[PDB]
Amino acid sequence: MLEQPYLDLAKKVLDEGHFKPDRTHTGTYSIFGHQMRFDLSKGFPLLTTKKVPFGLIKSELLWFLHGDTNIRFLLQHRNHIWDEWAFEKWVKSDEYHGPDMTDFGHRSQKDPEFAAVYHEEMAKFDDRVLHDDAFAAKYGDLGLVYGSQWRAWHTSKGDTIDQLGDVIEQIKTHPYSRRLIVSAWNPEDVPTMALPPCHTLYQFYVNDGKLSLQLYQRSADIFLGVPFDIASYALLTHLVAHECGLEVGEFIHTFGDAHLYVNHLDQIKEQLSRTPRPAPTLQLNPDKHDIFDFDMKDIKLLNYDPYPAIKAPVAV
């Protein structure tokens, strides 16, 4: 099946995976150096062995393609992947005058009392970001997130570069270019950033009329993160291909530190006992070509028949 490489990655890390401490305090099983190849002409790489929320992937990816860095758009689309980060900022400023939301995340999973209190407080924050237009501007804007890295790279001369836009133009004018790279890693910023981008950079390639893309992900959570990452970049490959009027080639996923958190081993083995089903199809609005103008209704995933969802705790 199309997802076999991902299951193979799950196996070897379990086998060859050498223990390694980490940032949080849940140990990990890690490997270093690995590459996966997904032939996009054979189906869409959304896992069938475990239900993955494709709705969350589209909305997030669009948020990126719009050069947007504000969480209002995501909330506006029921997406809550980036809430925690904007929330951390809110809670730490002189304006917050609520409960003990200090070092929250870990504590939420710790005890019932807080899990509710935190959820009450979070909801309130989201509400303001959704309606208090000025609040959204202060505590809702993440600042240096992918959207601004891909489409508004700040230069040392006060300007902003639209890396992705220019790369798309290069594809159309010089398809056989080996310089079609887009970078998310900026040495000036990583030092103080909350979370240096995991998807460090990606490169485009054209031949035989097909576009392929290789991603370099410095760090990867094999159970919870990788199933999403494959989908966001495989999707992106389709989009750029559509805009440039090309056929899709492959998505090549390269890793630095690929790891399986220790508290996910049962679920991972749980997942390794099922048989992958045929891959879903992806059809895009043929009327629209400029991907920067895409909306949710423009991307349609066809007949995705996955196994039930598998729950697991976030390593904090």
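We number the residues from 1 along the sequence you see.
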Q.
If you average the CA temperature factors as listed in the entry, which stretch comes out higher, 37-45 or 282-290?
A. 282-290
Q: On mean C-alpha B-factor from the PDB entry, just flag whether 238-246 or 134-142 is the higher one.
A: 134-142
(Q) Among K124, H199, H174, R179, where is the Cα B factor highest in this entry? (A) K124
Q. According to the deposited entry, which of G225, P187, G165, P112 has the largest Cα B-factor?
A. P112
Q: State the tercile, meaning the lowest, middle or highest third, of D221 with respect to the CA B-factors recorded for its chain.
A: lowest
Q: Going by the recorded CA B-factors, say which third of the chain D229 sits in, lowest, middle or highest.
A: lowest
Q) Is the Cα B-factor recorded for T102 in the lowest, middle or highest third of its chain? A) highest
Q. Of the three thirds of its chain by CA temperature factor, lowest, middle or highest, which one includes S59?
A. lowest
Q: Name the third of the chain's ranked CA B-factors that contains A194, choosing lowest, middle or highest.
A: highest
